[PDB]
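Numbered by the entry's author numbering, the letters in the sequence shown go through residues 342 to 676, 681 to 686 in order. Don't be surprised by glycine CBs; every beta carbon is placed ideally from N, CA and C.
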Amino acid sequence: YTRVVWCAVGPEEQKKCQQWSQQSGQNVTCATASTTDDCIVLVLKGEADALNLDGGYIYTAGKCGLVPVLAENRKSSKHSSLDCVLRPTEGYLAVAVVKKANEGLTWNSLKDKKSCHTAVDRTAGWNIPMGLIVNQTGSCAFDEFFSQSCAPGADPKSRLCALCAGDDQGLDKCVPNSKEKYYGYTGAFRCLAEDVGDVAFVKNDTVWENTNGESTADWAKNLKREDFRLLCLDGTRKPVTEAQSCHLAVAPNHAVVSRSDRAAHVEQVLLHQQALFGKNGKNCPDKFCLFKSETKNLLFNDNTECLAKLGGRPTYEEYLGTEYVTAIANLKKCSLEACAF
Ligand SMILES: *[C@@H]1O[C@H](CO)[C@@H](O[C@@H]2O[C@H](CO)[C@@H](O[C@@H]3O[C@H](CO)[C@@H](O[C@@H]4O[C@H](CO)[C@@H](O[C@H]5O[C@H](CO)[C@@H](O[C@H]6O[C@H](CO)[C@@H](O)[C@H](O)[C@@H]6O)[C@H](O)[C@@H]5O)[C@H](O)[C@@H]4O)[C@H](O)[C@@H]3O)[C@H](O)[C@H]2NC(C)=O)[C@H](O)[C@H]1NC(C)=O
Ligand SMILES: *[C@@H]1O[C@H](CO)[C@@H](O[C@@H]2O[C@H](CO)[C@@H](O[C@@H]3O[C@H](CO[C@@H]4O[C@H](CO)[C@@H](O)[C@H](O)[C@@H]4O)[C@@H](O[C@H]4O[C@H](CO)[C@@H](O)[C@H](O)[C@@H]4O)[C@H](O)[C@@H]3O)[C@H](O)[C@H]2NC(C)=O)[C@H](O)[C@H]1NC(C)=O
Ligand SMILES: *[C@@H]1O[C@H](CO)[C@@H](O[C@@H]2O[C@H](CO)[C@@H](O)[C@H](O)[C@H]2NC(C)=O)[C@H](O)[C@H]1NC(C)=O
Ligand SMILES: OC[C@@H](O)[C@@H](O)[C@H](O)[C@@H](O)CO
Ligand SMILES: OC[C@@H](O)[C@@H](O)[C@H](O)[C@@H](O)CO
Ligand SMILES: [Fe+3]
Ligand SMILES: [Zn+2]
Ligand SMILES: [Zn+2]
């Protein structure tokens, strides 16, 4: 069967995909859509084979028959004996971040402040935190908790999009793809670094990766970790070094999905593609790297050591686990077992 069609979300991911396609000698081809959801539709239709998804979307795709294939693994300290591809995934820490200078801002006084989310329907940027705020608040009016937000994917005319900037010309305001200045882990963090928002719902990795000269991007150049605090569920505020005892939840790694009838074929190609363009791939540093895109998290997260086999041939509910799956189901009662499309 041997040729995989990859689905890219928006213009910037399309261009990296074209490049990956070039260096692979057409072993991988690209289809493009303006949103993650449209990419999932394309995969159902059969017009694209696979894409990498945040847990939040895996839940969506899952209800539609798509299955996780391989997962992103970042370099861990424990489980050092095992090779990255066979090594179990650790998941990541959802956290809520704020400016240290913004004193007296805690989890208990988040109401009527300004929020930065990765995008609607994502784990750390939306489901985890809006899940908690609904339960704590006993109201489904999560669109009225924060005074203004940037929540890519929500109604552009709503308060949930008020803080989103769109692209260089200010078009595509709020679109849930990287054309939005404030989309995804980085976008949401920039949203805070620039004091557009009061809080940012991202992952622990995002604060480290974009502070203390890790980014060299113009807006992160001068960001110091020491100027940021984590918000914990007990009302306290801790340094970004204490993420292990001050997070909202641990989230299942982003995974590659596909139609079940296609999983095997997607898997074999992807494993070979990474032996060539992964971290120590034949042709990475020299010609092309699947896992670099200058802090921009295009196609895969920049901190991916490798894509890993799953083991236990899990179904999407097992991959995400019971915990998270009930969090999303509960939260989706505000916004009924069927494919969204
Ligand atoms: C929040 O997010 C940030 C960013 O994602 C993250 O910080 C990053 O953490 C990773 C790993 O978790 C760091 O990676 C390390 O970086 C070093 C050099 O900078 C790399 O080079 C080496 O790798 C070696 C091989 O893995 C490693 O040796 C290993 O083996 C020794 C055995 O002798 C052992 O060390 C001893 O000490 C431990 C601890 O007390 C002891 O228990 C052991 O028995 C042992 O004797 C360890 O097993 C060790 O892993 C070298 O030590 C050396 O580190 C390497 O890749 C390494 O993984 C990144 O640098 C961090 N990123 C940035 C930008 O700073 C946080 O971890 C996240 N926090 C939370 C809470 O998750
Ligand atoms: C928002 O609010 C809702 C409302 O509470 C939250 O939803 C609840 O989440 C709970 C935690 O996920 C969940 O609790 C239940 O936990 C029991 C016990 O968990 C067990 O732990 C064992 C460890 O010894 C483990 O071995 C077990 O496998 C098990 O996980 C679960 O077990 C029940 O089912 C049995 C049926 O055979 C029954 O006999 C037994 O008595 C238990 O009741 C249970 O399945 C469940 O996980 C609870 O289910 C959720 N409530 C609802 C409405 O479903 C959300 O999580 C909140 N959102 C956020 C983000 O926090
Ligand atoms: C395109 O895909 C084909 C199919 O695997 C690759 O051709 C094989 O490459 C392996 C090692 O790379 C050889 O050992 C096989 O004998 C080849 N034959 C097959 C299986 O057809 C090819 O390498 C791929 N090209 C790129 C650049 O990824
Ligand atoms: O990201 C989910 C992960 O693949 C899951 O299978 C865990 O690894 C397992 O429950 C314990 O490690
Ligand atoms: O990410 C954790 C994982 O999803 C786990 O909870 C599995 O569901 C369970 O261990 C196997 O059934
Ligand atoms: Fe995520
Ligand atoms: Zn925890
Ligand atoms: Zn199973």
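What span of residues does the beta strand (DSSP E) with residue i cover, start to end?
{"i": "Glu485", "result": "Looking at the DSSP string, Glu485 is not in any beta strand (DSSP E), and its letter there is neither H nor E."}
{"i": "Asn393", "result": "391 to 394"}
{"i": "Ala372", "result": "369 to 374"}
{"i": "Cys684", "result": "Premise fails: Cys684 is in no beta strand (DSSP E) and is neither H nor E."}
{"i": "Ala649", "result": "647 to 649"}
Let me check understanding here. Comparing Cα to Cα, which of the options lies closest to residue i?
{"i": "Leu661", "options": "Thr377, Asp546, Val436, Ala402", "result": "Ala402"}
{"i": "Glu431", "options": "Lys637, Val591, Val666, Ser601", "result": "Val591"}
{"i": "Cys457", "options": "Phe530, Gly472, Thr577, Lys416", "result": "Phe530"}
{"i": "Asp602", "options": "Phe486, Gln359, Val548, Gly387", "result": "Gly387"}
{"i": "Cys647", "options": "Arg344, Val666, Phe618", "result": "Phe618"}
{"i": "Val350", "options": "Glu658, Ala685, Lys637, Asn671", "result": "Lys637"}
{"i": "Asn476", "options": "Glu682, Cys684, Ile669, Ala685", "result": "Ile669"}
{"i": "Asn545", "options": "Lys514, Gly576, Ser586, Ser519", "result": "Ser586"}
{"i": "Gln364", "options": "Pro626, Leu574, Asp536", "result": "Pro626"}
{"i": "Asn553", "options": "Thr547, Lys565, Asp559", "result": "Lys565"}
{"i": "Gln510", "options": "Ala503, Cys502, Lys520", "result": "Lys520"}
{"i": "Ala372", "options": "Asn551, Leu512, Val346, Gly396", "result": "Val346"}
{"i": "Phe487", "options": "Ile474, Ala495, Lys454, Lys514", "result": "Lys454"}
{"i": "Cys348", "options": "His420, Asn393, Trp448", "result": "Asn393"}
{"i": "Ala442", "options": "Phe542, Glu567, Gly406", "result": "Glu567"}
{"i": "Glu664", "options": "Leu407, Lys522, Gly472, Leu451", "result": "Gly472"}
{"i": "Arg578", "options": "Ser450, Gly366, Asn594, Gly396", "result": "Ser450"}
{"i": "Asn551", "options": "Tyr526, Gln615, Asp575", "result": "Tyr526"}
{"i": "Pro352", "options": "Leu407, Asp508, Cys405, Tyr342", "result": "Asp508"}
{"i": "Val436", "options": "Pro429, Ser421, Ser422, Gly466", "result": "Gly466"}
{"i": "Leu589", "options": "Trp448, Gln614, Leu427, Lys356", "result": "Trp448"}
{"i": "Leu427", "options": "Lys416, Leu434, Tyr433", "result": "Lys416"}
{"i": "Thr582", "options": "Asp559, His595, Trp549", "result": "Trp549"}
{"i": "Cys425", "options": "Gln615, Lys673, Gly653, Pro655", "result": "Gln615"}
{"i": "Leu574", "options": "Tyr524, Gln367, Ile474", "result": "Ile474"}
{"i": "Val543", "options": "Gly622, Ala683, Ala596, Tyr524", "result": "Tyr524"}
{"i": "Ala534", "options": "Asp378, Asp559, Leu434", "result": "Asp559"}
{"i": "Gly366", "options": "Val610, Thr667, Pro580, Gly479", "result": "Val610"}
Less than 8 Å between the CB atoms is what I'm expecting for residue i and residue j, so what's the real figure, rounded?
{"i": "residue 680", "j": "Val540", "result": "Regarding the residue in question, residue 680 is not represented: the chain runs 676 and then 681, omitting everything in between."}
{"i": "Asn414", "j": "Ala649", "result": "4 Å"}
{"i": "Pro517", "j": "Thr376", "result": "5 Å"}
{"i": "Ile399", "j": "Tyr657", "result": "6 Å"}
{"i": "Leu411", "j": "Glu659", "result": "Actually they do not touch by this definition, with Cβ atoms about 15 Å apart."}
{"i": "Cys358", "j": "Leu640", "result": "7 Å"}
{"i": "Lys620", "j": "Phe632", "result": "7 Å"}
{"i": "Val439", "j": "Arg570", "result": "6 Å"}
{"i": "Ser490", "j": "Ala482", "result": "Rounded, the Cβ-Cβ distance is 14 Å, inconsistent with contact."}
{"i": "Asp395", "j": "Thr464", "result": "6 Å"}
{"i": "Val382", "j": "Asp390", "result": "The Cβ separation is near 14 Å, so there is no contact."}
{"i": "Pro429", "j": "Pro655", "result": "The Cβ separation is near 12 Å, so there is no contact."}
Alpha helix (DSSP H) containing residue i: first to last residue?
{"i": "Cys380", "result": "377 to 386"}
{"i": "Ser362", "result": "352 to 364"}
{"i": "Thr667", "result": "663 to 672"}
Give the list of continuous alpha helix (DSSP H) stretches no shorter than 4 residues that lie fully inside the segment 404 to 485. 469 to 478
Which residues are close to ligand 6, meaning CB closer than 5 Å to any heavy atom, in chain order? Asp395, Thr464
Return the chain-ordered ranges of every alpha helix (DSSP H) run that is complete within the segment 508 to 587 and spans a minimum of 4 residues. 525 to 534, 545 to 550
Whose CB is closer than 7 Å to a heavy atom of ligand 1? List the residues in chain order. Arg415, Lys416, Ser417, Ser418, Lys419, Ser421, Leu434, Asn545, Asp546, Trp549, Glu550, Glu555, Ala584, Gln585, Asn644
Closer than 7 Å from C-beta to any heavy atom of ligand 7: which residues, in chain order? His588, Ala590, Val591
Ligand 2 site residues, beta-carbon cut 6 Å against heavy atoms: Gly472, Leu473, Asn476, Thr663, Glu664, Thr667, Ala668, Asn671
Whose CB is closer than 5 Å to a heavy atom of ligand 3? List the residues in chain order. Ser365, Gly366, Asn368
What alpha helix (DSSP H) runs, 4 residues minimum, are completely inside the segment 580 to 638? 604 to 618
Please output, in chain order, the residues near ligand 8 using a CB cut-off of less than 7 Å to any non-hydrogen atom of the ligand. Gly653, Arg654, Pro655, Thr656, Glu659
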